[PDB]
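Take a look at this one chain, the form deposited in one PDB entry, written out in C-alpha cells.
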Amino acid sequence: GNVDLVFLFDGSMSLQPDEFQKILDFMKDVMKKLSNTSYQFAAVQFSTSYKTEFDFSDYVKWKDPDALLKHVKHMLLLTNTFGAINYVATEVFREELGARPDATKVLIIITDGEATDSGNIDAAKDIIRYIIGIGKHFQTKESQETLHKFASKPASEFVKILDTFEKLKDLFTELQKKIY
C-alpha cells in the first residue's frame, strides 16, 4: 500500500549544529533506504514558524534526498510543536501538493525538547504519528510523557526516546519493517 510520510523536524536554538546535521542525515538515510517503494515524502522544519522544505510533488520530481534538503537553513528560534503538527495536517497533506488520496498518512516528528506553544492537534488525528525525542531534555519520565499527546497510541509503539543523536541509526531496521 501507498504511504505518504512527512518528516517534521525541530530547528530550534536548543539544537547544536552537529545535532541538526544528524537529523538531516537521518531523514536522507530513511529516504534512500525507501527509494523506489510505495513511499513518497515531504519535510517541514519547525521552530517559531513553519517551513515546507519540500512537498510530495518535489519528491516525485527529484527523488534525490541530497538535492531536496540542500537549501535547508537551521532556523535557530523556538519549539512551537503544536502548531507545527497542525501545519502538516492542513498545509502539507494536500492533493494539490502531491498527496495521494489512497495513501496512509504518516508523520515522523523529531525534537530535542518540550513544546513552547500549546493548544491541540485535533486537525492531525487521522495521521499516524511517531515522535522521536532525543537527548538530555528527556532524561526524566515526566519529560518523556509530555511527548505522548503528540503521538498515536500506544505510546510504547509511537514515542521513541533516544539518549543521543547517534542512536537515530538504530531506528532504520524498525522503520523499514513497518506495514501500515
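In case it trips you up, residue 1 is the first one in the sequence shown, and so on.
Once the C-alpha B-factors are averaged per stretch, 63-71 and 111-119 rank with 63-71 first.
124-132 and 31-39 differ in mean CA B-factor, and the higher of the two is recorded for 31-39. The PDB entry assigns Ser47 a C-alpha temperature factor belonging to the middle third of its chain's modelled residues.
The PDB entry assigns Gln139 a C-alpha temperature factor belonging to the middle third of its chain's modelled residues. Among the modelled residues of its chain, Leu8 has a C-alpha B-factor that falls in the lowest third according to the deposited record. When the modelled residues of the chain are ordered by their C-alpha B factor, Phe165 lands in the highest third. Among all modelled residues in its chain, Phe172 ranks in the highest third by Cα B-factor.
Another form, the form solved in complex with a partner chain, is not on view; read the next lines as being about it.
Proximity of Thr52 to the partner chain in the bound PDB entry falls outside the 4.5 Å heavy atom cutoff. In the bound PDB entry, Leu97 stays away from the partner chain, with no heavy atom inside 4.5 Å. At a distance threshold of 4.5 angstroms between non-hydrogen atoms, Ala89 is out of contact with the partner chain in the bound PDB entry.
The partner chain is not drawn, but in the bound PDB entry it has no heavy atom within 4.5 Å of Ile121.
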